[PDB]
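Numbered from 1 within each chain, the chains take letters A, B, ... in sequence-line order.
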Amino acid sequence: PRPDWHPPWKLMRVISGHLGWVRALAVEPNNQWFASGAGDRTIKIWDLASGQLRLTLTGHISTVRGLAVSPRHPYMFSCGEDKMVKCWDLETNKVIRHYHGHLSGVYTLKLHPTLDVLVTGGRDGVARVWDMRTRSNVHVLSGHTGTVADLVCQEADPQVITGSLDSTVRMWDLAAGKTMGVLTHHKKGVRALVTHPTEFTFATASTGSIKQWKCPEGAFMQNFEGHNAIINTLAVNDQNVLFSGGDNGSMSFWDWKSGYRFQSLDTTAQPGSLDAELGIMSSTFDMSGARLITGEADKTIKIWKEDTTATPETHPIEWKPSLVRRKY
Amino acid sequence: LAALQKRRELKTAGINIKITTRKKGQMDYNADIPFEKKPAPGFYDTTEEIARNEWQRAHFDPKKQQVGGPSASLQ
Amino acid sequence: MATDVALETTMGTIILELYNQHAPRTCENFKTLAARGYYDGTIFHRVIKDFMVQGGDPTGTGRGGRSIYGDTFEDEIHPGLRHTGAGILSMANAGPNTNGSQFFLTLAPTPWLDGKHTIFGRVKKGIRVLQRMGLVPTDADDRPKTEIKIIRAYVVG
Amino acid sequence: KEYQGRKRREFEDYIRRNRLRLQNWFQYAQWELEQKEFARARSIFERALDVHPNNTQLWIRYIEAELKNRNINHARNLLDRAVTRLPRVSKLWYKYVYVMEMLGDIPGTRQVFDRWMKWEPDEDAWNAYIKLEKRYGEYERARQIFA
Amino acid sequence: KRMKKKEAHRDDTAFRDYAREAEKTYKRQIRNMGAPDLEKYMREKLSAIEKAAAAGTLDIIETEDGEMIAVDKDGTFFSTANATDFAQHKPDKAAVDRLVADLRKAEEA
Amino acid sequence: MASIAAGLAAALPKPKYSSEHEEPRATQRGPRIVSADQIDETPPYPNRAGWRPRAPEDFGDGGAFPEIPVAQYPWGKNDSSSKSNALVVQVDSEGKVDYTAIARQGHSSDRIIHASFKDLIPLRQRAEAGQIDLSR
Amino acid sequence: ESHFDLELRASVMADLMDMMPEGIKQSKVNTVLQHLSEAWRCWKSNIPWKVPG
């Protein structure tokens with residue numbers, strides 16, 4: 001499979017202002033603002049075009065780890081390490097619901113694409129499926145033995161996929177609350193998961209290893225090779241650009257179909273940072289795919305954009321159909 | 001040790017009684033195999049081994065299992 | 001008078017020795033169905049261990065089966081042929097004189113079907129293929145979970 | 001029975017305090033083996049395997065307890081279970097081929113090696129299987145293994 | 001060859017990973033069994049030849065040279081993989097004793 | 001395309017010491033047991049009256065004879081199975097002995113369980129597939 | 001404060017398990033959490049923390 005050409009990405013804007021690591025990012029469904037959640041206990045709303053601080057919301061007493069803006073409701077959902085999952089009414093800027101019940105810190109929150117359902121995952125080893133209206137905990141998705149570090153929700157079975165620091169990924173039947181399948185291919189803790197927007201596949205990231213999988217049966221597709229880091233984040237475009245973001249500050253941009261790494265770089269730490277503070281902790285694309293937003297352990301938000309002056313002959317694809325034995 | 005001595009003296013001099021230290025909120029691990037997880041069956045038959053192991057358990061003997069230069073200048 | 005019929009299945013090749021002297025109409029029914037290709041890609045819908053492997057149904061359900069003499073034909077119980085052992089080919093029937101297209105085949109001596117099933121051959125090669133077809137796993141209604149089909153059936157003479 | 005109940009209570013008190021400690025599980029199972037309670041020691045090993053499903057040291061302890069007490073069929077069931085559970089841990093594969101060669105089943109040793117080669121192991125396992133066939137004189141079989 | 005083997009053992013003393021430790025342990029255990037009994041192996045081979053010939057899985061044929069060539073119809077003569085009866089090799093009591101004494105020696109050491 | 005291999009085979013002269021009469025440098029303690037590959041490389045119906053088989057030798061490649069009024073066993077008698085606790089040995093789609101029963105023991109039938117090297121090979125390189133449908 | 005400590009220790013441990021190469025012996029990792037405590041005390045006392053090796 002020959003890679004398609006993609007332009008390189010370059011750093012467009014650095015936004016300072018959080019007093020902690022930027023751990024959560026959510027883009028609102030009309031692409032005008034995004035929320036960031038950070039270790040200074042806070043949620044900030046930023047205008048996306050100007051990168052400008054509209055609002056600061058407090059209401060967590062620990063690090064905010066998960067943010068979602070609902071496409072069907074005027075709600076934003078926040079989860080944090082103080083065990084708390086909160087629905088924020090954006091017509092009043094106020095917390096109005098809690099989804100209480102994780103025994104320890106909540107690492108990941110996702111909204112269901114078609115149902116009025118929230119899924120969270122935390123250090124108590126389970127994913128919790130919540131009914132949004134009644135705040136009801138309708139399923140405890142149990143079976144992991146480590147922290148549920150990341151999680152995705154799909155519109156077709158398997159509707160919940162959880163990735164865990166026990167190095168294991170589980171695909172879950174959401175109606176019955178049971179595991180359809182266990183993927184044990186990663187050697188280290190699974191910290192990142194992403195689904196493709198237009199084809200029925202997903203990617204999982206642990207340390208040094210990105211695996212692609214075909215839904216619904218979870219068949220192994222390909223490895224994205226060469227990003228030798230703890231990967232905290234994965235983000236995917238609808239133009240088949242996958243970003244992997246690594247805890248040491250290293251960034252890779254991959255063609256999704258072929259697995260080819262068309263860009264590698266490192267982020268830069270804000271002045272005052274230790275060299276130990278270089279690290280990507282959160283990432284999303286905007287709603288259009290033209291902007292990459294990263295939240296970083298130097299307490300910054302960085303906006304990345306494609307290089308408009310790049311050309312397939314200025315930045316040629318250095319891929320040859322290789323001919324060795326990948327000892328799988 | 002003192003209670004064992006008294007119980008042995010009673011059992012020697014006739015009366016046998018069950019001194020039961022079983023508290024409130026404690027399982028009887030002697031009574032039953034606790035939280036028993038049997039080995040999964042495999043392609044090999046283990047009925048003869050199970051029967052022999054039960055025989056050894058019944059015939060176990062605790063007494064049989066009970067007992068188990070250079071000089072300073074050179075240094 | 002013996003005729004070879006080769007069933008290339010997904011587990012090996014069965015060579016069938018058909019007894020034209022004993023059950024001629026049923027044997028030539030088998031020849032014509034195999035030669036037309038009525039058995040190509042047709043599954044063994046019932047396997048019961050130590051009893052039986054049954055196939056030949058094009059619908060895969062156990063009620064179908066369309067012979068060459070219309071729908072059904074009569075039983076040929078020649079009193080010298082019995083279900084004496086493994087690998088014996090017979091015609092599966094709903095009742096007496098109801099032979100269609102599905103072939104029964106003994107995996108074991110089954111001498112309680114004498115007088116009601118028509119032996120018309122045996123296996124000349126492939127008895128271990130038949131044994132492993134008997135060793136596949138099934139469900140409650142004896143259908144193999146792991147799928148067994150005659151890939152192609154043809155005739156050798 | 002009084003002493004055994006006291007010891008069983010102290011062992012399971014330490015398992016409830018720290019189930020993640022292999023030594024807690026190991027000392028409990030070894031004590032039951034010493035009491036010749038093989039069902040009880042097996043149950044302890046299996047509960048330990050529920051807590052530590054992928055632990056090579058634990059799998060080896062259980063397999064060796066069965067082999068030491070001559071439960072060969074129990075041990076071979078454990079060996080199949082262990083190389084199913086952990087097919088890229090060459091220690092369990094080496095233990096299984098070694099056990100079958102000790103038992104004198106050279107076809108059984110070839111069976112275990114063939115399953116390993118299906119898993120496509122490293123060069124040391126391919127070399128070990130060539131050296132098995134050279135040990136027993138099948139140079140054509142070793143030629144096939146080099147292919 | 002001897003001295004390169006000794007030097008390799010000296011260089012491979014220190015721990016690298018459990019795959020190396022497993023390979024070293026297996027090679028040492030093979031050495032400690034020592035030379036196989038090829039006479040007993042060949043007796044078992046001939047007994048299996050006549051038994052499989054009786055069971056019909058071995059064909060004894062003679063080519064143009066007039067020699068005994070055995071043909072395994074299946075592939076289950078040499079390996080119990082693909083053999084449906086792989087689970088009824090009951091090992092010899094001497095073999096079980098030898099394995100148990102091996103494990104007892106390891107425990108003592 | 002094998003230009004360097006072809007050039008090597010062209011540049012090498014013939015060996016001046018003949019090797020066509022060479023036996024292997026270490027002999028195999030025969031008898032030779034080989035397969036149908038080396039076969040390839042190197043009573044009839046209906047007069048079986050009076051014939052009475054004794055063994056799977058006599059069955060050949062198997063098949064009981066219905067005209068003989070004795071019970072036949074083309075692959076051997078089954079004595080019994082005295083309630084062993086063993087798993088039943090099963091076979092896979094193409095007749096080989098299957099150990100995924102061990103992998104699947106204690107689960108339901110529709111649980112997805114990866115247990116083979118084939119589940120570690122990228123799908124687009126698995127020989128059984130040619131066109132994968134990746135559509136939501 | 002007790003809750004912050006629990007969360008901090010779990011995060012440092014998860015990072016260290018994911019940082020360790022496959023095949024290193026990994027019993028002593030609680031050792032690293034003791035180094036983390038000592039480094040924090042060194043920060044509070046303004047004492048440079050530098051563990052040799």
Side-chain angles (χ1 to χ4, degrees), chain D residues 96-117 125-147, chain E residues 1 26-27 29-83 85-86 89-95 98-99, chain F residues 18-42 57:
Chain D
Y96 194 12
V97 294
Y98 174 62
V99 160
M100 311 289 291
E101 207 179 317
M102 293 298 291
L103 294 174
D105 195 350
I106 304 310
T109 303
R110 284 195 189 90
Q111 165 205 75
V112 182
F113 264 123
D114 271 313
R115 300 160 53 205
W116 199 1
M117 296 300 103
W126 294 89
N127 296 327
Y129 178 56
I130 294 167
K131 281 177 182 128
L132 174 77
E133 309 276 17
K134 293 205 300 183
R135 255 200 309 285
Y136 289 93
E138 270 87 22
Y139 307 122
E140 173 61 45
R141 282 185 76 74
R143 203 167 286 128
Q144 292 311 112
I145 302 164
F146 290 105
Chain E
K1 294 208 192 319
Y26 181 71
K27 278 154 144 172
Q29 284 170 323
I30 301 302
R31 292 191 300 257
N32 293 347
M33 293 183 286
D37 198 351
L38 273 77
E39 327 297 328
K40 185 172 74 68
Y41 177 77
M42 189 81 198
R43 286 196 310 269
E44 289 183 313
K45 198 166 183 189
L46 292 169
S47 177
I49 278 158
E50 53 178 359
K51 162 158 145 172
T57 73
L58 263 180
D59 273 341
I60 301 190
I61 64 173
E62 311 275 318
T63 68
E64 80 275 10
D65 303 301
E67 83 279 17
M68 272 198 309
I69 296 304
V71 177
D72 207 29
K73 306 299 292 297
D74 54 356
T76 72
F77 186 80
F78 282 115
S79 169
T80 54
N82 217 28
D85 52 349
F86 73 95
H89 170 90
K90 187 268 183 182
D92 188 303
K93 184 207 155 280
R98 166 192 203 211
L99 175 61
Chain F
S18 72
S19 303
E20 73 266 5
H21 269 91
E22 193 176 5
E23 297 89 39
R25 288 166 178 195
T27 51
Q28 166 95 52
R29 291 250 288 279
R32 290 201 325 130
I33 299 153
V34 66
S35 63
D37 283 328
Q38 195 67 255
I39 292 177
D40 283 353
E41 276 187 311
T42 57
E57 309 170 338

Original post:
OG1 of E:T63 to CD1 of F:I39: how many Å apart, nearest 0.5 Å?
Top reply: 11.5 Å
**OP:** Name the orientation class of the two ring planes belonging to E:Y26 and D:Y98 (parallel below 30°, tilted from 30 to 60°, perpendicular beyond 60°).
**Re:** perpendicular
Subject >> Over all atoms of both residues, closest heavy-atom pair of D:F113 and D:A125 >> reply: CE2-O, 3.9 Å
**OP:** Give a yes or no answer on whether the side chain of E:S79 reaches the backbone of D:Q111 with a donor-acceptor pair at less than 3.5 Å.
**Re:** yes
Original post:
What residues, two or more places apart in sequence or in another chain, satisfy salt bridge (charged side-chain N to carboxylate O under 4.0 Å, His left out) together with F:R29?
Top reply: E:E39
**OP:** Check whether any side-chain N or O of E:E62 sits under 3.5 Å from a backbone N or O of E:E67 as a donor-acceptor pair, and report yes or no.
**Re:** yes
**OP:** Could you tell me whether the side chain of D:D114 and the main chain of E:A81 form a donor-acceptor pair under 3.5 Å?
**Re:** no
Original post:
Okay, side chain of D:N127, backbone of D:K131: is any donor-acceptor separation there less than 3.5 Å?
Top reply: no
**OP:** Kindly write out the residues that satisfy salt bridge (charged side-chain N to carboxylate O under 4.0 Å, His left out) with E:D59, not counting sequence neighbours, or none if the list is empty.
**Re:** E:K73
Original post:
OG of F:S35 to CZ of E:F78: how many Å apart, nearest 0.5 Å?
Top reply: 10.5 Å
Original post:
side-chain contact (heavy atoms from CB on, under 4.5 Å) between D:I106 and E:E44: does it pass, once the steps are laid out?
Top reply: CA-CA 10 Å; D:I106 304 310; E:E44 289 183 313; 5.6 Å; no
**OP:** Check E:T57 against E:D72 and note the closest heavy-atom contact, atom names and distance.
**Re:** O-OD1, 3.3 Å
**OP:** For E:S47 and E:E50, work out which heavy atoms get closest and say how close.
**Re:** O-CG, 3.2 Å
Original post:
Would you say D:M117 has more than 12 foreign heavy atoms packed within less than 6.0 Å of its CE?
Top reply: yes
Original post:
Between E:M42 and E:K45, does a side-chain contact (heavy atoms from CB on, under 4.5 Å) hold up when you go through it step by step?
Top reply: CA-CA 5 Å; E:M42 189 81 198; E:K45 198 166 183 189; 4.3 Å; yes
Subject >> Salt-bridge present (D:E133, D:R110; N to O < 4.0 Å) >> reply: yes
Subject >> salt bridge (charged side-chain N to carboxylate O under 4.0 Å, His left out) against F:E22, all qualifying residues, sequence neighbours excluded >> reply: F:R25
Original post:
Roughly how far apart are E:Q29 CD and E:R31 CZ, rounded to 0.5 Å?
Top reply: 10.0 Å
Subject >> Criterion side chain to side chain contact (heavy atoms under 4.5 Å, CB included) against F:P31, the qualifying member of E:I60, E:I69, E:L46 >> reply: E:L46
Original post:
Measuring from F:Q38:CD to F:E41:CD, what's the distance to the nearest 0.5 Å?
Top reply: 4.5 Å
**OP:** List the atom of E:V71, the atom of F:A36, and the distance in Å for their closest heavy-atom pair.
**Re:** CG1-N, 3.9 Å
Subject >> Residue pair E:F77 / E:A52: nearest heavy atoms and the distance that separates them >> reply: CD1-CB, 4.4 Å
Subject >> CD1-CD distance between D:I145 and D:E140, expressed to the nearest 0.5 angstrom >> reply: 10.5 Å
**OP:** Measure the spacing between NZ of E:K51 and CG of E:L58 and express it to the nearest 0.5 Å.
**Re:** 12.0 Å
**OP:** Please check if the side chain of D:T109 supplies one atom and the backbone of D:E101 the other of a donor-acceptor pair under 3.5 Å.
**Re:** yes
